[PDB]
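Peer 1: Below is the structure I would like to discuss, written out as structure tokens.
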Amino acid sequence: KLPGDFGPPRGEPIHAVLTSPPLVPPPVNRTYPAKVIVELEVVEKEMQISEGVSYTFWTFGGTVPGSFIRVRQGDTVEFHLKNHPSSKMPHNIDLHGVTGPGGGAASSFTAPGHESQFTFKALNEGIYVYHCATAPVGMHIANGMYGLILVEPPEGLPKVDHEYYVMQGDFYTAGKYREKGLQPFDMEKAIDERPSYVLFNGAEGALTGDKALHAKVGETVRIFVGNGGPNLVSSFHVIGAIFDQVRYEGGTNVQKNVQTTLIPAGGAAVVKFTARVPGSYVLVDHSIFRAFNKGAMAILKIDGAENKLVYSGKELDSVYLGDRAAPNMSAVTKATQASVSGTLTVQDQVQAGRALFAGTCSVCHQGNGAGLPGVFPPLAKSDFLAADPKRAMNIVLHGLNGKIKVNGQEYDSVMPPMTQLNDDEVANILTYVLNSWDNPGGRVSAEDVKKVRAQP
Amino acid sequence: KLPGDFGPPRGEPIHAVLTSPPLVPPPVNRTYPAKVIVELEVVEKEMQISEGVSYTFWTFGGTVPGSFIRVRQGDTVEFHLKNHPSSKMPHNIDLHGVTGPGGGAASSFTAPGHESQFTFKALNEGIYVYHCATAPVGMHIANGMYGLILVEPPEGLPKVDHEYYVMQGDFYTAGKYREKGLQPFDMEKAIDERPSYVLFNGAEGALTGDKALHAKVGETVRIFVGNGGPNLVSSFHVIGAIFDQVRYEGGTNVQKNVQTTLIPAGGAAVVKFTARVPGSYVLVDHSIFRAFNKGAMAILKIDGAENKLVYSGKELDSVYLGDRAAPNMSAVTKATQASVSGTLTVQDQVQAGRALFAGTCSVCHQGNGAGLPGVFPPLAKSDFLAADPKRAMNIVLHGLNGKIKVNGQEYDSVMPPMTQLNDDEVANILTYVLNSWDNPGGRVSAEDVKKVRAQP
Amino acid sequence: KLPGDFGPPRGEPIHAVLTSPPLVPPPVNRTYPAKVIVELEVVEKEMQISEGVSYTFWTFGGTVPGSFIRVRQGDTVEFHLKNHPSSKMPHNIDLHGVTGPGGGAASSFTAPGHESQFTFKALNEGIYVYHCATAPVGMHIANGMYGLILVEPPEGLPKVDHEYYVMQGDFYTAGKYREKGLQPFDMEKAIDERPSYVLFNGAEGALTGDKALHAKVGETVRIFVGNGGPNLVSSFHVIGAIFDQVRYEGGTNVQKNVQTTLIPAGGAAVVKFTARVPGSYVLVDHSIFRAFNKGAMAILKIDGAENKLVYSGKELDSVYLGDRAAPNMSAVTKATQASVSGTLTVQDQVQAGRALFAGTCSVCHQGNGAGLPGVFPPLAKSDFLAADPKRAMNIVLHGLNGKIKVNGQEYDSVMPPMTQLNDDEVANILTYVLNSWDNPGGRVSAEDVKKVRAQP
Ligand code: HEC
Ligand code: HEC
Ligand code: HEC
Ligand SMILES: [Cu+2]
Ligand SMILES: [Cu+2]
Ligand SMILES: [Cu+2]
Ligand SMILES: [Cu+2]
Ligand SMILES: [Cu+2]
Ligand SMILES: [Cu+2]
């Protein structure tokens, strides 16, 4: 006996349902082995990795991660891979869980415009990463070529109310985090394992705000969690909750009641969550600078009745989530498009600045700019700002400490530098500030900030 | 039924006992749920991260890690957070193990001089990291804002003879490892996950030498081990022993009889150790350059009878532990204070040099400078040293190889460069050598070493 | 009762069998405790870390990893360590699994030309890393000073058909990956955890090609897998198969049916594999850039009958494995020796280029240079190449995009830059191309490529 030895395929061939993240195909719901036909197409395309930041992704099925594949242990899978004629590269696939050399790699080699096929029996139950296997393999994986395949046990997984698909990846851009424009792949950063972004589902904000996952108090949620890498290991964590179960790949071991769990590069797990009180629960890589400085956060939003005996506090806000507490940051997307066209208005900057000011500045200076008297000075109708509004550029980039006076009050505190903000972010935030709360108005341009960043 | 559903609180409210590392509050020792009141205050302050190296830590309760909190599963916790008026930043808290959004973050936002409160029921048993959750979150965590909370099971943990509290963290200074002075936080290093120090309990030597943890042969020791990060995953290991048990957070899985175990960023474990033979057992991050080049070592010292049938060897010494085999290195602290004052004496340098020479130089040249004839040349009454004592600076910084003669004996070997030693370390070591073992005397200054480091 | 309390030693002392990787000593096959005498000698020596790249390794027993030691739980081990007189450094050992301080470190300190000994009882069953423990510890470990010791349970491990020994390590060279010559240890890279190579068994290709491990369909294979570090954690994975069992050190927990598993720095595991279909199965660190850009791949080659009902595809090839699909790359070794001697022929370059062209260029331009019409242009009898063969250097280093014509066909595609190729690699590949497929002939030298790399 090999494992998964359930019989020869019965019935008619089934054309496999593939779904785009964050959704999952439905449970196969059958008691017999089948011949399952899978057709997956590779597409190379520019998408937004962040607001106003484009990247040329290489994809299985048009998304990052690629289409989710779901079969039953014991099935025979006929796997067709098409490489769209617009592709510039050849591609192939290695599916973890396949029994055989390269997990399909050699037989699935597929030049642009061609199709390949190989067949495999699904011997091993579990959740499994797949990815491209074409030299240079790391470049293909870094450009987005990974996804998950679930091989169900024969009796199926226990019923839950929702199933979702989330996959972490590390990305390597020539430019720095949130530097606008079309960003090429950066080999030197990738070789050093120094990613510029670390993301769930292929982009900043892919699962935050209006794109959050949903469920309700009392419901159970299953998440199929993959780490496509290429390089990082995820300290995968849920803020404000606990996983009832974590199960790696097809392992016999199941861990229960943990909140933080390590996912290897190329690894995958099924986690289970029971919603107990309402609010936003954040999935992160708890190597914290990834979560909070490189994009590695996703949200499961829960609706229903508060339970004050369990938790009396308020919903997550911009103090913790920063600029991702909002529904989106499309004002940034719009202001960047407008700069590229040469049609950038003051109001474009203002609305972009407003999006960016949340968390980043509001944590100390408040949402309304009032500050807190004696502790955090006001930006609302600030005489200090008005006295030399161009010095505000230096303050953002390089910080401010020492004694100062603002609206006739003394302050002796420290504003840390925020040098990681790109020129356009600083310009837009300051332009927002100048046009709010009865401040003088005017505008700061990215060119102005650039001049100041360059001053010793 | 939610978990931890034991009843409404009974009795009088309990004011929670918080302890400073490395100690732990005592077992709650009760059979009923209580309302537990926790008061924790944030304090920003300079402390010594290393000898003569100050750092502005942000702390829960005045220490890194912060005060340890201990409650019982099923308790209702009323959590008060005070931010001391000397603070420059606002702060808050996210406690892993809390059921609710942000783990307390939004309701615990607390400006300098203010107090906040929220209430939560402790549904989940286990050991859990807490940390600040204030944008920019990574900066707050990197500056020391983390600690542990234990939620006991209802029957309590099994009795052991000692309980200790150890928490790893990664730190990001503008200066290099052991560069003296007040070191600011370095954002670029933190974003790249390139820490300058990796520490247990907030400082080099915090748990070595005279600060070691203690127990005796036959006793059981429980250690609550946290990894506050922000970024690193610890290959947590005990040198010369084994953990009887390792249990992550509140997990149902318990691993037994391992010596090396991975702790995620933001993760925590309870480990158990049974002392079997006397000596020093070293807790490290076995990503070795952290343990031996960045400070990631702590010591559990065991007293009692030798058992020669089990182990015939000698106690740990400076060959392995380097300069941390000694009780402390306070001579370095003193010599650095003296340089800052402009009052540095030759004897100050000598005693600093002596502390630093252990391991670093003594492994080859021996504790008494004799060397080993033909293999390692002597520093004790060295004619080669005396012939040009200023060339000793180049030898330390850039190494020495090739044929040489010293006290009329031939040597053809390789002394590796030690360029990572800071100017003052080299000056002090050489000054020690010059004033020991009937060498010529004199002194080398940090300015001298600086001049030589700068020569091509 | 201590654990492993089986009695005082009986019979005659046994001189321990030590084996070189990838082999393992045989099972002790005994029912009583013994006094086991172990003699291990340290040797410092230059070996090839890669083709034409020498490195001064520090070794236990002449190999990296060091000799494998196998004893029975309950044995008393008398451990002799000799440091060969040619050594320049003192050395010692810390064996995980030893009960006692330093795991032997202090008593095993051994200068060049000397011998030391200590005795220990093997209380703890499992697989355990050993390594040198001599300041600076990280340098000694980085230079190759680690290996494995197995302490068998008293009844022995279950019988399998083959046992193998594989140990990952991270290496830090002054030069870049595949830069030729004698490469010194690089401390700054090591401190930053930025390795230039990541290897199984001490070298690129140590377990690929004609050095692969072997077994047959239906056979069971046990691999003792170590991670000597010094710094990296391995996302240890088998391509195209599954581990029936993974067991860390002496842990009671055994995980089954996984394909990817995290191995800590300093950790070790026993894995079990059952061969089900023929072909090459790749052991990698699935932090992918390590596997595919730094050398972290090894091969288990399986012989026997195909099973088309399980897997219909072809054997692994150069699309996935790149230049390690071949038996070896000794043409590179030879061409590098010839350059050092000043005797490099065109044919030397051609054969080196041929080795390197596999994967690296053949994935798009094909093994025969034909390309694919309209998609990948030909290198076979290429008029575009012939028109300006020196522009081929720029194409390799810096890529090519835009519209071009080659053998009267239009192309508008993208050839990515390959700037990580060293000067000699580029020269040799191009020299191969020029002398194949009726191309013009001639040669490109490393000096030519160097001149072009230096042009802005
Ligand atoms: C985010 C991008 C912003 C922007 C646009 C500003 N800040 Fe701050 N800030 C803080 C403190 C304590 C001070 C006083 C410094 C001192 O005592 O020396 C400041 C000062 C300023 C100014 C100048 C004064 C004014 O009120 O006009 C300006 C223009 C300014 N800030 C803009 C504190 C903080 C924070 C605390 C952690 C954070 C975050 C920010 N500031 C962020 C921003
Ligand atoms: C730590 C900071 C020190 C200091 C102050 C010195 N050493 Fe070494 N050393 C070693 C060897 C093999 C040599 C001979 C080199 C050769 O054969 O070419 C040396 C040489 C020196 C000298 C000059 C000779 C003398 O005896 O005066 C000096 C001044 C010196 N050392 C100081 C070997 C080692 C080590 C081996 C691994 C280590 C560690 C050190 N030395 C460290 C130091
Ligand atoms: C590995 C080292 C090699 C070598 C020696 C060459 N290539 Fe490529 N190449 C590719 C594509 C799409 C083009 C056309 C670019 C365009 O349309 O603008 C090229 C072009 C070349 C040339 C010039 C044209 C010719 O046929 O002579 C040469 C000399 C050349 N290549 C050599 C595609 C790829 C790959 C796709 C991913 C890879 C890998 C390589 N090339 C690698 C190499
Ligand atoms: Cu691809
Ligand atoms: Cu893979
Ligand atoms: Cu804080
Ligand atoms: Cu956290
Ligand atoms: Cu050594
Ligand atoms: Cu070790």
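Going by the structure tokens order, chains are called A, B, ..., each with residues numbered from 1, while ligands are numbered from 1 in the order shown.
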Please return as a ChimeraX atom specification the residues found within 10 Å of ligand 9, counting only C-alpha atoms and all ligand atoms.

Peer 2: /B:237-240,259-260,284-288 /C:93-97,102-103,128-133,137,141,146,228-230,265-267

Peer 1: Only residues of chain A matter here; which ones have an atom within 6 Å of chain B, counting only C-alpha atoms? Give them as a ChimeraX atom specification.

Peer 2: /A:235,239-241,255-258,279-281,286-289,310-316,319-320,413

Peer 1: Rounded to one decimal place, report the atom CA of residue 291 of chain B-atom CA of residue 199 of chain B distance in Å.

Peer 2: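 About the pair atom CA of residue 291 of chain B and atom CA of residue 199 of chain B: they are 8.4 Å apart.
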
Peer 1: I want to know what sits within 7 Å of segment 67-70 of chain C, based on only C-alpha atoms, with residues of the same chain fewer than 3 positions away left out; could you give that as JSON, numbers by chain?

Peer 2: {"C": [18, 19, 20, 21, 24, 25, 60, 61, 63, 147, 148, 149, 150, 151]}

Peer 1: Applying 7 Å and only C-alpha atoms, which residues near residue 225 of chain A remain after dropping the ones on its own chain fewer than 4 positions away? List them as a list in words.

Peer 2: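 My reading of the contact set: residues 165, 166, 167, 268, 269 and 270 of chain A.
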
Peer 1: Looking only at helix (DSSP H, G or I) from DSSP on the backbone, list the matching residues of segment 76-177 of chain B as a list in words.

Peer 2: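 Those in segment 76-177 of chain B that DSSP calls helix (DSSP H, G or I) are residues 101, 102, 103, 104, 137, 138, 139, 140, 141 and 142 of chain B.
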
Peer 1: Go ahead and save the residues from that selection, with N, CA and C atoms, as a PDB file, in the first residue's frame.

Peer 2:
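Produced file out-v6.pdb, reproduced below:
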```pdb
ATOM      1  N   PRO B 101      -9.968  43.559  20.268  1.00  0.00           N
ATOM      2  CA  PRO B 101      -9.128  44.230  19.287  1.00  0.00           C
ATOM      3  C   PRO B 101      -8.029  45.071  19.876  1.00  0.00           C
ATOM      4  N   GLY B 102      -6.856  44.938  19.249  1.00  0.00           N
ATOM      5  CA  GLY B 102      -5.613  45.527  19.695  1.00  0.00           C
ATOM      6  C   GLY B 102      -5.025  44.984  20.997  1.00  0.00           C
ATOM      7  N   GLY B 103      -5.621  43.946  21.572  1.00  0.00           N
ATOM      8  CA  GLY B 103      -5.257  43.474  22.893  1.00  0.00           C
ATOM      9  C   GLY B 103      -5.202  44.556  23.972  1.00  0.00           C
ATOM     10  N   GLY B 104      -6.037  45.599  23.850  1.00  0.00           N
ATOM     11  CA  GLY B 104      -6.073  46.743  24.757  1.00  0.00           C
ATOM     12  C   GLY B 104      -5.583  48.061  24.180  1.00  0.00           C
ATOM     13  N   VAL B 137       5.310  51.601  15.938  1.00  0.00           N
ATOM     14  CA  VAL B 137       5.300  50.529  16.907  1.00  0.00           C
ATOM     15  C   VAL B 137       6.681  49.928  17.092  1.00  0.00           C
ATOM     16  N   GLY B 138       7.396  49.736  15.982  1.00  0.00           N
ATOM     17  CA  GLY B 138       8.713  49.146  16.014  1.00  0.00           C
ATOM     18  C   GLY B 138       9.722  49.936  16.854  1.00  0.00           C
ATOM     19  N   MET B 139       9.661  51.262  16.804  1.00  0.00           N
ATOM     20  CA  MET B 139      10.534  52.099  17.599  1.00  0.00           C
ATOM     21  C   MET B 139      10.227  51.875  19.083  1.00  0.00           C
ATOM     22  N   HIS B 140       8.935  51.820  19.450  1.00  0.00           N
ATOM     23  CA  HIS B 140       8.605  51.647  20.839  1.00  0.00           C
ATOM     24  C   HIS B 140       9.087  50.284  21.329  1.00  0.00           C
ATOM     25  N   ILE B 141       8.882  49.252  20.526  1.00  0.00           N
ATOM     26  CA  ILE B 141       9.327  47.933  20.955  1.00  0.00           C
ATOM     27  C   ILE B 141      10.836  47.853  21.040  1.00  0.00           C
ATOM     28  N   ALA B 142      11.524  48.418  20.050  1.00  0.00           N
ATOM     29  CA  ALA B 142      12.997  48.427  20.035  1.00  0.00           C
ATOM     30  C   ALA B 142      13.643  49.160  21.231  1.00  0.00           C
TER      31      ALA B 142
END
```
